[PDB]
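Trainee: This one's experimental. Sequence and coordinates below.
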Amino acid sequence: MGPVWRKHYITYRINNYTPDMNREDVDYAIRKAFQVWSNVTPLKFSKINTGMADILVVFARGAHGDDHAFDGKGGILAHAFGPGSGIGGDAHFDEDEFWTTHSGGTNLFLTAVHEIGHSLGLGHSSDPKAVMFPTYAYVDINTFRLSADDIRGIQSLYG
Ligand SMILES: NC(=O)[C@H](CCC(=O)O)NC(=O)[C@H](CCC(=O)O)NC(=O)[C@@H](CC(=O)NO)Cc1cc(-c2ccc(-c3cccc(Cl)c3)cc2)no1
Ligand SMILES: [Ca+2]
Ligand SMILES: [Ca+2]
Ligand SMILES: [Ca+2]
Ligand SMILES: [Zn+2]
Ligand SMILES: [Zn+2]
């Protein structure tokens, strides 16, 4: 029962890009991650390059300006703030990980689906098949599906 955006049009902006991947692949991973959630809700997401976005996607290292400092390679991979103005909604990814499009390193798409879930108001799930489960696991991203638990959670917040 976390906070929700009180609107169905939500903007995002990619503040900066990890050097681990090329720019087009970061854009693609993030766009696809948003699409996962838009597919089961009334929410629409538009990327903007200037202006005031609701959800700011950031790659940062260690102590990076909030009360959720990162811990170097491994451990916590990313974190996100629930809906709200300013820092609210923003999704932060630990640059000390090695972000990838694949099964090696840490898959950006999967991690982004999880974080965007928080950006929309979801908390963690106890279901090990849920993308909102607390621990990262790689799954073939081409056959990725939200679990029924994730769909339940997000539909309880929107629509
Ligand atoms: N322990 C680990 O396996 C890794 C470390 C690996 C390494 O060394 O690099 N670290 C984590 O998993 C950490 C643990 C942090 C802790 O609790 O101490 N967890 C994260 O980094 C989470 C932190 C968080 O909650 N941020 O909001 C981030 C996270 C969660 C996932 C996510 C993605 C897909 C799935 C999944 C699971 C089952 C099925 C499907 Cl389809 C998908 C469910 C979770 N992606 O990013
Ligand atoms: Ca924000
Ligand atoms: Ca880390
Ligand atoms: Ca990196
Ligand atoms: Zn942060
Ligand atoms: Zn989480």
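Mentor: Cool, the structure landed. Numbers count the residues shown, from 1 in each chain. Ligands and ions are numbered 1, 2, ... in the order given.
Trainee: Residue 41 touches residue 156, doesn't it?
Mentor: No: counting by C-beta atoms under 8 Å, residue 41 sits too far from residue 156 to count as a contact (10.4 Å). (Each C-beta comes from the backbone N, C-alpha and C, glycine too.)
Trainee: what about these two, which has more around it?
Mentor: residue 41 (15 against 12; other C-beta atoms under 10 Å).
Trainee: Quick check: closest non-adjacent residue to the more buried one.
Mentor: residue 158 (4.4 Å; C-beta to C-beta, 6 or more residues apart in numbering).
Trainee: ok, the one you found - contacts?
Mentor: By C-beta atoms under 8 Å, 6 or more residues apart in numbering, the contact set of residue 158 is 4, 8, 41, 42, 43, 120.
Trainee: So is stretch 1-9 next to ligand 1?
Mentor: No: applying C-beta under 6 Å from any ligand atom, one finds stretch 1-9 separated from ligand 1 by no less than 12.5 Å.
Trainee: next one: stretch 17-33
Mentor: No: if you take C-beta under 6 Å from any ligand atom as the test, stretch 17-33 misses ligand 1, and the best it gets is 10.4 Å.
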